[PDB]
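Remarks on the overall topology
The chain contents come next:
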Amino acid sequence: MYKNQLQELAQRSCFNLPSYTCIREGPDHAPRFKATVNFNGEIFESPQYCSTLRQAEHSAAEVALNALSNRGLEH
């Protein structure tokens, strides 16, 4: 699973012991679900609307993995 992959790399970093917190916001009629994860002092989230909570975790996990592959910061 994609979520599992985070743990694999997270543990490989000397027991990172990351934490994930779900963020709920928006109007009651149109609720918004997001997934947030802490990574060595750097927290990432997925600003996307997901039908289910599990889906939100998937999106958030993808973002975290992308950062690892490429920081995206230059000069």
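Notes on the structure in this doc start here.

Reading guide: rules and limits
Residues numbered from 1 in each chain as written, not as in the entry; some residues may be left out. Heavy atoms only, no water. Pairing = 2+ DSSP bridges. Helix = DSSP H or I, 4+ residues; strand = E, 2+ residues; numbered from the N terminus. Salt bridge = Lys/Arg side-chain N within 4 Å of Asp/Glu carboxyl O. Buried < 20%, exposed > 50% of the residue type's maximum accessible area, 1.4 Å probe, protein only.

1. Observations regarding the pairing of strand β1 (residues 20-25)
With six bridges joining them, β1 and strand β2 (residues 32-39) adopt antiparallel strand pairing. Considered in β2, the bridge of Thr21 is made with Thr36. Hairpin connection, β1 to β2: the antiparallel pair is bridged by six residues, and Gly26 has positive phi, about 100°.

2. Things to note about the pattern of salt bridges
Summed over all chains, the structure comprises three salt bridges. Close ionic contact of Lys3 with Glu57 constitutes a salt bridge, the shortest N to O distance being 2.9 Å. With a gap of 54 residues between them, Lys3 in helix α1 (residues 2-12) and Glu57 in helix α2 (residues 53-69) connect regions that are remote in the sequence. The class for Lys3 is partly exposed, based on a relative accessible area of 35%.

3. What to know about the pairing of β2
Where β2 lies against strand β3 (residues 42-45), four bridges are found, and the strand directions are antiparallel. When the sheet's bridge partners are listed, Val37 is paired in β3 with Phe44. Linkage of β2 to β3, two consecutive antiparallel strands, is achieved through a turn of two residues, within which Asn40 is found at a positive phi near 50°.

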